[PDB]
Amino acid sequence: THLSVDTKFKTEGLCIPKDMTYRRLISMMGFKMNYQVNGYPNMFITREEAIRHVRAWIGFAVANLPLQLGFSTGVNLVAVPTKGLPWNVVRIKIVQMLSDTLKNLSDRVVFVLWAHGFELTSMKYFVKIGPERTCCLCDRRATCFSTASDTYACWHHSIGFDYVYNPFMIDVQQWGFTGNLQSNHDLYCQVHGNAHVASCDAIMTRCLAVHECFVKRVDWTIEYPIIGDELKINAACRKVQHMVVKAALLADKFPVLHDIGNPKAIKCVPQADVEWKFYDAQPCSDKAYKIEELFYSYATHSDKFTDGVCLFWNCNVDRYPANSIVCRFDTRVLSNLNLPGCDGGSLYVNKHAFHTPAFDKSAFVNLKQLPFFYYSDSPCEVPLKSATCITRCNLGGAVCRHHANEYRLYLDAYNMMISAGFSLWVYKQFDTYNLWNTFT
Ligand SMILES: Nc1ncnc2c1ncn2[C@@H]1O[C@H](CSCC[C@H](N)C(=O)O)[C@@H](O)[C@H]1O
Ligand SMILES: [Zn+2]
Ligand SMILES: [Zn+2]
Ligand SMILES: [Zn+2]
Ligand SMILES: [Zn+2]
Ligand SMILES: [Zn+2]
(Lines of atoms letter the chains of each structure in order from A and count residues from 1; the text may use other names and numbers.)
(Lines give C-alpha, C1' and ligand atoms only; values in the text may rest on other atoms or scores of the structure.)
(Ligands and ions follow the chains in the order given, each with its own letter.)
Protein backbone atom coordinates (compact mmCIF):
# COMPACT_ATOMS: atom_id res chain seq x y z
CA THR A 1 0.00 0.00 0.00
CA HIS A 2 2.81 2.50 1.04
CA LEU A 3 6.05 3.05 -1.02
CA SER A 4 8.94 1.10 0.67
CA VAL A 5 12.05 3.19 1.65
CA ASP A 6 14.13 0.21 0.28
CA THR A 7 12.84 0.75 -3.35
CA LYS A 8 15.82 1.83 -5.59
CA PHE A 9 15.96 5.52 -6.78
CA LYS A 10 17.16 6.28 -10.39
CA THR A 11 19.77 9.09 -9.92
CA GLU A 12 20.32 9.59 -13.73
CA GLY A 13 18.44 12.98 -13.60
CA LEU A 14 20.73 14.50 -10.87
CA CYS A 15 23.53 16.79 -12.31
CA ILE A 16 26.57 11.05 -5.66
CA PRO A 17 26.16 7.26 -6.34
CA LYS A 18 24.18 5.14 -8.91
CA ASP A 19 22.72 2.07 -7.02
CA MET A 20 20.80 4.19 -4.40
CA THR A 21 17.52 3.69 -2.35
CA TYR A 22 15.01 6.29 -0.91
CA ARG A 23 16.40 5.66 2.65
CA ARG A 24 19.92 6.81 1.50
CA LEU A 25 18.33 9.74 -0.47
CA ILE A 26 16.25 11.06 2.51
CA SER A 27 19.31 10.91 4.88
CA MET A 28 21.26 12.96 2.23
CA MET A 29 18.45 15.64 2.18
CA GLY A 30 19.15 16.03 5.96
CA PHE A 31 16.19 14.05 7.50
CA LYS A 32 16.08 11.10 10.00
CA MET A 33 13.49 8.41 8.97
CA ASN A 34 12.60 6.58 12.29
CA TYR A 35 8.81 7.30 11.97
CA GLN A 36 7.98 4.19 9.81
CA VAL A 37 5.84 2.92 12.78
CA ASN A 38 3.94 6.31 13.13
CA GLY A 39 2.06 6.61 9.75
CA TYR A 40 4.93 8.46 7.90
CA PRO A 41 7.03 5.55 6.51
CA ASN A 42 8.36 7.54 3.46
CA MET A 43 8.50 11.26 2.37
CA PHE A 44 7.94 9.93 -1.22
CA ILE A 45 4.59 8.19 -2.07
CA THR A 46 3.56 5.58 -4.69
CA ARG A 47 2.03 7.00 -7.98
CA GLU A 48 -1.12 4.99 -6.96
CA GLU A 49 -1.27 7.07 -3.71
CA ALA A 50 -0.27 10.39 -5.42
CA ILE A 51 -3.36 9.99 -7.72
CA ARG A 52 -5.67 9.57 -4.62
CA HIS A 53 -4.13 12.88 -3.29
CA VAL A 54 -4.18 14.79 -6.65
CA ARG A 55 -5.99 17.69 -4.83
CA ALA A 56 -2.71 18.09 -2.80
CA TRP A 57 -0.43 18.28 -5.92
CA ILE A 58 1.88 21.36 -5.80
CA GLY A 59 4.63 21.42 -8.48
CA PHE A 60 8.02 22.39 -6.90
CA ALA A 61 11.29 23.30 -8.75
CA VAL A 62 14.52 25.22 -7.81
CA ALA A 63 16.85 27.23 -10.19
CA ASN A 64 26.52 29.22 -1.12
CA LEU A 65 24.64 30.68 -4.19
CA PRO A 66 21.15 32.24 -3.83
CA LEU A 67 18.22 29.82 -4.57
CA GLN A 68 14.97 30.51 -6.57
CA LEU A 69 12.06 28.28 -5.34
CA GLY A 70 9.12 27.94 -7.81
CA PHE A 71 5.66 26.31 -7.38
CA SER A 72 2.67 25.36 -9.66
CA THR A 73 0.89 28.42 -8.05
CA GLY A 74 3.15 30.57 -10.33
CA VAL A 75 4.97 31.90 -7.20
CA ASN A 76 8.81 32.25 -7.13
CA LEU A 77 10.82 32.95 -3.90
CA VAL A 78 14.60 33.84 -3.63
CA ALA A 79 16.60 32.94 -0.44
CA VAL A 80 20.05 34.36 0.62
CA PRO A 81 21.61 31.39 2.52
CA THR A 82 23.72 33.56 4.95
CA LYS A 83 16.47 40.22 -5.25
CA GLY A 84 16.76 37.69 -2.37
CA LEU A 85 15.14 37.28 1.10
CA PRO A 86 16.15 35.81 4.51
CA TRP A 87 15.23 32.08 4.96
CA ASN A 88 13.01 32.93 8.03
CA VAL A 89 10.74 35.19 5.82
CA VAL A 90 10.75 32.76 2.79
CA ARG A 91 9.71 29.66 4.81
CA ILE A 92 6.84 31.74 6.38
CA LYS A 93 5.58 32.79 2.87
CA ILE A 94 5.79 29.12 1.64
CA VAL A 95 3.53 27.92 4.54
CA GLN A 96 1.31 31.01 3.86
CA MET A 97 1.08 30.09 0.12
CA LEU A 98 0.46 26.30 0.63
CA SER A 99 -2.19 26.89 3.39
CA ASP A 100 -4.05 29.45 1.17
CA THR A 101 -3.94 27.05 -1.84
CA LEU A 102 -4.75 23.72 -0.07
CA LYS A 103 -6.88 24.57 3.04
CA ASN A 104 -10.12 23.74 1.09
CA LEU A 105 -8.58 20.97 -1.16
CA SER A 106 -6.49 18.44 0.90
CA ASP A 107 -5.30 17.53 4.45
CA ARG A 108 -1.67 17.48 3.13
CA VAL A 109 0.72 18.63 0.32
CA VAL A 110 2.26 16.41 -2.42
CA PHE A 111 5.30 18.17 -3.99
CA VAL A 112 5.40 16.98 -7.67
CA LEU A 113 9.13 17.04 -8.74
CA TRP A 114 11.38 16.89 -11.84
CA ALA A 115 14.39 16.11 -9.58
CA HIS A 116 17.56 18.04 -10.69
CA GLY A 117 18.70 17.54 -7.03
CA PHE A 118 19.10 21.19 -5.81
CA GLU A 119 15.41 21.29 -4.59
CA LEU A 120 15.60 18.00 -2.55
CA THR A 121 18.65 19.42 -0.65
CA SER A 122 16.70 22.74 -0.13
CA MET A 123 13.79 20.89 1.63
CA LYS A 124 15.67 20.63 5.00
CA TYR A 125 15.55 24.51 5.09
CA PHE A 126 11.67 24.81 5.11
CA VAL A 127 10.47 21.23 6.04
CA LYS A 128 10.34 19.53 9.50
CA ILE A 129 9.13 15.86 9.70
CA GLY A 130 8.23 13.43 12.55
CA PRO A 131 5.38 11.10 13.65
CA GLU A 132 1.87 11.85 12.23
CA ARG A 133 0.41 14.63 14.45
CA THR A 134 -3.12 16.13 14.65
CA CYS A 135 -3.57 19.97 14.68
CA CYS A 136 -3.44 21.83 18.07
CA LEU A 137 -6.68 23.84 17.45
CA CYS A 138 -8.75 21.17 15.53
CA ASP A 139 -8.79 17.37 14.79
CA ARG A 140 -7.32 17.92 11.24
CA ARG A 141 -3.94 16.32 10.31
CA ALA A 142 -0.94 18.61 11.12
CA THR A 143 0.72 20.05 7.93
CA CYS A 144 2.72 22.94 9.59
CA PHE A 145 5.03 23.53 12.64
CA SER A 146 5.80 26.81 14.55
CA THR A 147 9.39 26.73 16.00
CA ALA A 148 8.42 29.78 18.18
CA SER A 149 5.50 28.15 20.14
CA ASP A 150 6.45 24.46 19.37
CA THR A 151 2.83 23.78 18.15
CA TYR A 152 1.41 21.96 15.06
CA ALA A 153 -1.40 23.28 12.77
CA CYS A 154 -3.48 22.15 9.73
CA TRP A 155 -3.74 24.44 6.61
CA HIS A 156 -6.60 26.44 8.31
CA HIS A 157 -4.81 27.28 11.64
CA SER A 158 -1.26 27.74 10.16
CA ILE A 159 -1.22 31.61 10.39
CA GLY A 160 2.36 32.75 11.25
CA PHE A 161 3.81 29.16 11.15
CA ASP A 162 7.26 28.76 9.49
CA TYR A 163 7.97 25.00 8.76
CA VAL A 164 5.97 22.61 6.46
CA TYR A 165 5.36 19.37 8.48
CA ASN A 166 5.27 15.86 6.88
CA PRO A 167 4.88 16.96 3.22
CA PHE A 168 4.68 14.12 0.62
CA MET A 169 6.37 14.19 -2.83
CA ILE A 170 7.14 12.25 -6.07
CA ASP A 171 10.05 12.57 -8.57
CA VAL A 172 8.37 12.13 -12.02
CA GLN A 173 11.77 11.16 -13.64
CA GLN A 174 11.25 7.89 -11.62
CA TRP A 175 8.49 6.98 -14.20
CA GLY A 176 11.02 6.03 -16.98
CA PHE A 177 10.93 9.26 -19.07
CA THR A 178 13.81 10.23 -21.42
CA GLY A 179 14.65 13.80 -22.56
CA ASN A 180 14.40 16.97 -20.39
CA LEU A 181 11.12 18.18 -18.72
CA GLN A 182 10.03 20.71 -21.45
CA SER A 183 10.55 18.10 -24.26
CA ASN A 184 8.12 15.66 -22.49
CA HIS A 185 5.61 18.34 -21.23
CA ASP A 186 5.31 20.24 -24.58
CA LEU A 187 4.11 16.98 -26.34
CA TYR A 188 0.72 17.22 -24.50
CA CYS A 189 0.52 20.98 -23.67
CA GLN A 190 1.35 24.37 -25.32
CA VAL A 191 -0.40 26.56 -22.63
CA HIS A 192 2.68 26.43 -20.29
CA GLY A 193 5.75 27.99 -22.02
CA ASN A 194 9.19 28.46 -20.34
CA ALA A 195 10.26 31.86 -18.87
CA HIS A 196 13.54 30.12 -17.71
CA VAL A 197 12.25 30.28 -14.04
CA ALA A 198 11.49 27.65 -11.34
CA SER A 199 7.66 28.29 -11.26
CA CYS A 200 7.45 27.45 -15.03
CA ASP A 201 9.25 24.14 -14.24
CA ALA A 202 6.91 23.54 -11.22
CA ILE A 203 3.81 24.31 -13.41
CA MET A 204 4.95 22.03 -16.31
CA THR A 205 6.07 19.25 -13.87
CA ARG A 206 2.51 19.15 -12.38
CA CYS A 207 0.87 19.63 -15.84
CA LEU A 208 2.72 16.48 -17.09
CA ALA A 209 2.00 14.41 -13.91
CA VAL A 210 -1.73 15.30 -14.46
CA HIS A 211 -1.47 14.12 -18.14
CA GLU A 212 0.29 10.77 -17.37
CA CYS A 213 -2.25 9.98 -14.56
CA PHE A 214 -5.68 11.42 -15.68
CA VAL A 215 -5.86 12.51 -19.41
CA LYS A 216 -5.47 8.79 -20.48
CA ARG A 217 -8.96 7.61 -19.24
CA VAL A 218 -11.35 7.74 -16.17
CA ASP A 219 -10.42 5.33 -13.31
CA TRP A 220 -13.90 4.33 -11.95
CA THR A 221 -12.12 2.34 -9.12
CA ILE A 222 -10.63 5.49 -7.42
CA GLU A 223 -13.13 7.76 -5.54
CA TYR A 224 -12.49 11.17 -3.80
CA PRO A 225 -13.90 12.66 -0.55
CA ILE A 226 -16.73 15.29 -0.50
CA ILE A 227 -15.09 18.78 -0.11
CA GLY A 228 -18.07 20.82 -1.49
CA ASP A 229 -21.64 20.47 -2.90
CA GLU A 230 -20.97 17.22 -4.90
CA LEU A 231 -24.14 15.44 -3.62
CA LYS A 232 -26.51 18.46 -4.19
CA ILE A 233 -24.86 19.09 -7.63
CA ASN A 234 -24.77 15.44 -8.88
CA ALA A 235 -28.43 14.93 -7.73
CA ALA A 236 -29.53 18.12 -9.61
CA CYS A 237 -27.64 17.13 -12.85
CA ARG A 238 -29.49 13.73 -12.80
CA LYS A 239 -32.92 15.36 -12.11
CA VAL A 240 -32.20 17.68 -15.14
CA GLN A 241 -30.69 14.86 -17.31
CA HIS A 242 -34.06 12.99 -16.89
CA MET A 243 -36.38 16.06 -17.46
CA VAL A 244 -34.42 17.25 -20.56
CA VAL A 245 -34.10 13.81 -22.33
CA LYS A 246 -37.74 12.76 -21.52
CA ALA A 247 -38.88 16.14 -23.03
CA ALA A 248 -36.70 15.96 -26.21
CA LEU A 249 -38.23 12.46 -26.81
CA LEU A 250 -41.90 13.53 -26.23
CA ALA A 251 -41.34 16.71 -28.39
CA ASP A 252 -39.72 15.11 -31.52
CA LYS A 253 -40.58 11.35 -30.99
CA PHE A 254 -36.99 10.35 -32.05
CA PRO A 255 -36.99 6.63 -33.02
CA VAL A 256 -33.51 5.96 -31.45
CA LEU A 257 -31.23 7.68 -28.83
CA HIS A 258 -27.40 7.42 -29.24
CA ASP A 259 -26.28 7.67 -25.55
CA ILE A 260 -22.56 8.45 -26.26
CA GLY A 261 -20.14 8.30 -23.27
CA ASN A 262 -22.33 5.94 -21.13
CA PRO A 263 -19.89 3.32 -19.70
CA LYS A 264 -22.46 1.85 -17.19
CA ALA A 265 -25.29 1.28 -19.79
CA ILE A 266 -28.03 2.97 -17.60
CA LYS A 267 -31.09 4.76 -19.14
CA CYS A 268 -31.85 8.17 -17.47
CA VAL A 269 -35.48 7.75 -18.82
CA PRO A 270 -35.93 4.04 -17.93
CA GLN A 271 -39.61 3.71 -19.13
CA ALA A 272 -38.66 5.37 -22.49
CA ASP A 273 -40.32 3.41 -25.37
CA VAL A 274 -37.29 4.37 -27.59
CA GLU A 275 -34.42 2.26 -29.05
CA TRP A 276 -31.68 3.16 -26.45
CA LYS A 277 -28.09 2.64 -27.77
CA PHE A 278 -25.03 2.88 -25.42
CA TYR A 279 -21.49 3.89 -26.61
CA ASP A 280 -18.22 4.83 -24.74
CA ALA A 281 -14.41 5.02 -25.39
CA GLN A 282 -13.83 2.88 -22.22
CA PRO A 283 -16.95 0.74 -21.49
CA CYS A 284 -17.02 -0.96 -18.01
CA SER A 285 -16.08 -4.71 -18.37
CA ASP A 286 -19.27 -5.76 -16.40
CA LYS A 287 -21.59 -4.05 -19.01
CA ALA A 288 -19.18 -3.97 -22.08
CA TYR A 289 -21.55 -6.42 -23.95
CA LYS A 290 -24.37 -3.73 -24.24
CA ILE A 291 -21.91 -0.83 -24.94
CA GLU A 292 -20.13 -0.28 -28.32
CA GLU A 293 -16.44 0.71 -27.82
CA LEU A 294 -16.19 4.06 -29.73
CA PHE A 295 -14.19 7.36 -29.46
CA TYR A 296 -16.34 10.12 -31.10
CA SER A 297 -14.74 12.97 -33.05
CA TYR A 298 -16.61 14.84 -35.87
CA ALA A 299 -13.65 14.05 -38.25
CA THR A 300 -14.34 10.28 -37.73
CA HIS A 301 -18.18 10.09 -37.20
CA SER A 302 -19.81 13.06 -39.10
CA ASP A 303 -21.20 10.30 -41.45
CA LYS A 304 -22.63 8.18 -38.52
CA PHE A 305 -25.51 8.57 -35.96
CA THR A 306 -27.84 9.92 -38.73
CA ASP A 307 -31.09 8.40 -37.27
CA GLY A 308 -32.64 9.84 -34.05
CA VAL A 309 -30.87 12.00 -31.38
CA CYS A 310 -27.38 11.70 -29.74
CA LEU A 311 -27.04 12.24 -25.94
CA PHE A 312 -23.60 13.65 -24.91
CA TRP A 313 -24.07 14.05 -21.10
CA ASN A 314 -20.57 15.27 -20.00
CA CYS A 315 -19.02 13.48 -23.02
CA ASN A 316 -16.78 16.41 -24.12
CA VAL A 317 -15.98 15.89 -27.88
CA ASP A 318 -14.27 18.16 -30.50
CA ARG A 319 -17.64 19.17 -32.11
CA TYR A 320 -21.22 17.86 -31.46
CA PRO A 321 -23.36 16.91 -34.50
CA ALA A 322 -26.63 18.84 -35.18
CA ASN A 323 -28.82 15.98 -33.74
CA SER A 324 -27.39 16.25 -30.16
CA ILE A 325 -28.45 16.88 -26.51
CA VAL A 326 -25.42 18.13 -24.50
CA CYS A 327 -24.46 18.81 -20.87
CA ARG A 328 -20.88 20.24 -20.83
CA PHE A 329 -18.81 21.51 -17.84
CA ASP A 330 -17.46 25.07 -18.46
CA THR A 331 -13.82 24.48 -17.28
CA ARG A 332 -13.50 28.29 -16.67
CA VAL A 333 -15.74 28.17 -13.49
CA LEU A 334 -13.63 28.77 -10.28
CA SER A 335 -14.33 25.89 -7.79
CA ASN A 336 -12.64 23.61 -5.19
CA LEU A 337 -13.82 20.63 -7.36
CA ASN A 338 -12.23 22.20 -10.52
CA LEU A 339 -8.37 21.85 -10.57
CA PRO A 340 -6.17 23.18 -13.42
CA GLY A 341 -4.99 20.40 -15.82
CA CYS A 342 -3.17 19.74 -19.14
CA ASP A 343 -3.28 22.08 -22.21
CA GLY A 344 -5.77 24.70 -20.87
CA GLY A 345 -8.09 21.82 -19.83
CA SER A 346 -8.92 21.12 -16.16
CA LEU A 347 -9.28 18.12 -13.78
CA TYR A 348 -12.88 18.13 -12.39
CA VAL A 349 -12.64 15.97 -9.21
CA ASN A 350 -16.26 15.25 -8.06
CA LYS A 351 -16.85 11.57 -7.03
CA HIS A 352 -14.18 10.54 -9.60
CA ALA A 353 -11.41 12.56 -11.38
CA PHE A 354 -12.52 13.77 -14.87
CA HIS A 355 -9.92 15.48 -17.14
CA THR A 356 -11.73 17.92 -19.52
CA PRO A 357 -10.36 19.74 -22.60
CA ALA A 358 -10.63 23.57 -22.23
CA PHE A 359 -14.24 24.88 -22.89
CA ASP A 360 -14.35 25.99 -26.61
CA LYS A 361 -17.49 27.75 -28.07
CA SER A 362 -16.70 26.22 -31.55
CA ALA A 363 -17.83 22.74 -30.27
CA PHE A 364 -21.48 24.05 -29.99
CA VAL A 365 -21.54 25.66 -33.51
CA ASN A 366 -24.26 23.19 -34.77
CA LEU A 367 -26.37 23.74 -31.55
CA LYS A 368 -28.11 26.42 -29.41
CA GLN A 369 -28.48 26.93 -25.61
CA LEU A 370 -31.23 24.68 -24.14
CA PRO A 371 -33.61 27.18 -22.46
CA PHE A 372 -35.11 26.50 -18.99
CA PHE A 373 -38.56 24.85 -18.72
CA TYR A 374 -40.44 22.42 -16.40
CA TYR A 375 -42.73 19.75 -18.01
CA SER A 376 -45.05 17.23 -16.22
CA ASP A 377 -47.92 14.99 -17.51
CA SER A 378 -48.31 13.43 -13.97
CA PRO A 379 -51.52 13.90 -11.87
CA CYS A 380 -52.41 17.27 -10.18
CA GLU A 381 -52.68 17.04 -6.31
CA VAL A 382 -48.07 32.06 -3.50
CA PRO A 383 -49.75 31.42 -6.92
CA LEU A 384 -47.14 30.60 -9.67
CA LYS A 385 -47.53 32.49 -13.01
CA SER A 386 -44.74 31.07 -15.29
CA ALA A 387 -44.83 30.53 -19.11
CA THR A 388 -41.98 27.94 -18.53
CA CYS A 389 -44.23 25.70 -16.29
CA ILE A 390 -45.48 23.28 -19.01
CA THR A 391 -48.27 21.42 -17.07
CA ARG A 392 -52.03 20.72 -17.69
CA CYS A 393 -53.10 23.17 -14.91
CA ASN A 394 -50.86 26.15 -16.03
CA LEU A 395 -52.72 26.83 -19.34
CA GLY A 396 -55.83 25.59 -17.40
CA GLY A 397 -55.82 28.74 -15.18
CA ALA A 398 -53.82 28.50 -11.91
CA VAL A 399 -51.41 25.51 -11.39
CA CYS A 400 -51.91 22.74 -8.72
CA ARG A 401 -49.90 22.83 -5.41
CA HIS A 402 -48.14 19.57 -6.58
CA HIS A 403 -46.75 20.89 -9.95
CA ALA A 404 -46.27 24.42 -8.45
CA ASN A 405 -43.91 22.83 -5.82
CA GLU A 406 -42.15 20.47 -8.33
CA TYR A 407 -41.38 23.55 -10.56
CA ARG A 408 -39.74 25.46 -7.62
CA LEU A 409 -37.63 22.32 -6.84
CA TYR A 410 -36.61 21.65 -10.52
CA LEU A 411 -35.77 25.40 -10.89
CA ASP A 412 -33.43 25.19 -7.84
CA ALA A 413 -31.94 22.00 -9.43
CA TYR A 414 -31.36 23.92 -12.74
CA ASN A 415 -29.85 26.96 -10.89
CA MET A 416 -27.70 24.58 -8.73
CA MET A 417 -26.34 22.93 -11.94
CA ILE A 418 -25.69 26.22 -13.91
CA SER A 419 -23.93 27.68 -10.78
CA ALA A 420 -21.86 24.42 -10.56
CA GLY A 421 -20.43 25.41 -14.01
CA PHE A 422 -22.43 23.13 -16.40
CA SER A 423 -24.03 24.39 -19.67
CA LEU A 424 -27.02 22.90 -21.61
CA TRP A 425 -27.17 22.70 -25.46
CA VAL A 426 -29.65 21.11 -27.92
CA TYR A 427 -30.38 20.59 -31.67
CA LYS A 428 -31.42 24.06 -33.02
CA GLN A 429 -34.84 22.62 -34.13
CA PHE A 430 -35.83 21.97 -30.43
CA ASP A 431 -38.85 23.96 -29.05
CA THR A 432 -41.33 23.55 -26.10
CA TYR A 433 -44.19 24.34 -28.60
CA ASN A 434 -44.60 20.56 -29.24
CA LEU A 435 -44.67 19.80 -25.43
CA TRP A 436 -47.73 22.14 -25.15
CA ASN A 437 -49.39 20.04 -27.99
CA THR A 438 -49.03 16.83 -25.83
CA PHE A 439 -51.96 18.21 -23.68
CA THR A 440 -54.40 19.11 -26.59
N1 LIG B 1 -14.67 11.22 -27.50
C2 LIG B 1 -15.33 10.36 -26.72
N3 LIG B 1 -16.12 9.43 -27.31
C4 LIG B 1 -16.78 8.56 -26.54
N5 LIG B 1 -16.79 8.46 -25.21
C6 LIG B 1 -15.99 9.39 -24.65
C7 LIG B 1 -15.25 10.35 -25.32
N8 LIG B 1 -14.56 11.13 -24.41
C9 LIG B 1 -14.88 10.65 -23.24
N10 LIG B 1 -15.75 9.59 -23.31
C11 LIG B 1 -16.31 8.82 -22.20
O12 LIG B 1 -17.44 9.50 -21.71
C13 LIG B 1 -17.55 9.32 -20.28
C14 LIG B 1 -17.57 10.68 -19.64
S15 LIG B 1 -17.92 10.76 -17.86
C16 LIG B 1 -19.50 9.89 -17.68
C17 LIG B 1 -20.64 10.48 -18.49
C18 LIG B 1 -21.91 9.63 -18.46
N19 LIG B 1 -22.73 9.81 -19.70
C20 LIG B 1 -22.75 10.04 -17.25
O21 LIG B 1 -23.80 10.67 -17.39
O22 LIG B 1 -22.37 9.74 -16.12
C23 LIG B 1 -16.38 8.41 -19.89
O24 LIG B 1 -16.81 7.06 -19.84
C25 LIG B 1 -15.37 8.67 -21.01
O26 LIG B 1 -14.46 7.60 -21.21
ZN1 LIG C 1 -1.86 24.20 -8.38
ZN1 LIG D 1 -6.43 23.09 12.65
ZN1 LIG E 1 1.11 22.42 -19.39
ZN1 LIG F 1 -34.14 22.75 -18.98
ZN1 LIG G 1 -51.02 20.42 -12.03
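Counting starts with 1 at the first residue shown.
Quick check of the header: X-ray crystallography, 2.5 Å.
Each Cβ is built from the backbone N, Cα and C atoms, and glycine gets one as well.
Some features that Swiss-Prot has for this protein:
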- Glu119: active site (ACT_SITE)
- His196: active site (ACT_SITE)
- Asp201: active site (ACT_SITE)
- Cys135, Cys138, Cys154, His157: Zn(2+) 14 binding site (BINDING)
- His185, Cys189, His192, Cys207: Zn(2+) 15 binding site (BINDING)
- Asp259, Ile260, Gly261, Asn262, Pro263, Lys264, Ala265: S-adenosyl-L-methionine binding site (BINDING)
- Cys380, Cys393, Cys400, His403: Zn(2+) 16 binding site (BINDING)
- 342-356: region 'GpppA-binding' (REGION)
### Message
Can you give me the residues near the recorded Zn(2+) 15 site, meaning same chain, not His185, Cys189, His192, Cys207 themselves, Cβ no more than 8 Å from the center of the site's Cβ atoms?
### Response
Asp186, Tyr188, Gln190, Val191, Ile203, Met204, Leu208, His211, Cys342, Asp343
#### Entry: Sequence-remote partners of the region 'GpppA-binding' (342-356) [C-beta within less than 8 Å, at least six residues beyond its ends]
51, 54-55, 188-191, 207-208, 210-211, 214-215, 218-220, 222-224, 230, 233-234, 314, 316, 329, 331
#### Entry: Which of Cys138, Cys189, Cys393, the listed binding-site residues, has fewest other Cβ atoms within 10 Å
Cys138
### Task
Report, in whole Å, the straight Cα-to-Cα distance of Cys400 (Zn(2+) 16 binding site) from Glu119 (active site).
67
### Task
Would you list, in sequence order, the residues of this chain other than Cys380, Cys393, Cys400, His403 that have their CB within 8 A of the centroid of the site's CB atoms, where the site is the one recorded for Zn(2+) 16?
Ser376, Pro379, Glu381, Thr391, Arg392, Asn394, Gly396, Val399, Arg401, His402, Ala404
### Message
Using only C-alpha positions, which one of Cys138, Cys154, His157, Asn262 is spatially nearest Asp201 (active site)? These are the binding-site residues in the record.
### Response
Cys154
### Message
So if I measure Cβ to Cβ from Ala265 (S-adenosyl-L-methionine binding site) and keep only same-chain residues at least 6 apart in sequence, which ones fall under 8 Å?
### Response
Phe278, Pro283, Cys284, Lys287, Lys290, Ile291
### Task
Please name which of the binding-site residues listed here, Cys138, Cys154, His157, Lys264, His403, is nearest in space to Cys189 (Zn(2+) 15 binding site), Cα against Cα.
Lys264
### Query
From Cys135, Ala265, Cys380, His403, which binding-site residues have a C-beta atom under 6 Å away from some atom of ligand 4?
none
### Query
Which residues of the same chain, at least 6 positions away in sequence, have a Cβ lying under 8 Å from the Cβ of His196 (active site)?
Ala63
### Summary
binding-site residues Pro263, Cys380, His403 vs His185 (Zn(2+) 15 binding site), shortest C-alpha separation belongs to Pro263
### Task
From the recorded positions listed here (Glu119, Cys207, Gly261, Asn262, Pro263, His403), select those whose CB sits under 6 A from an atom of ligand 1.
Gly261, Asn262, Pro263
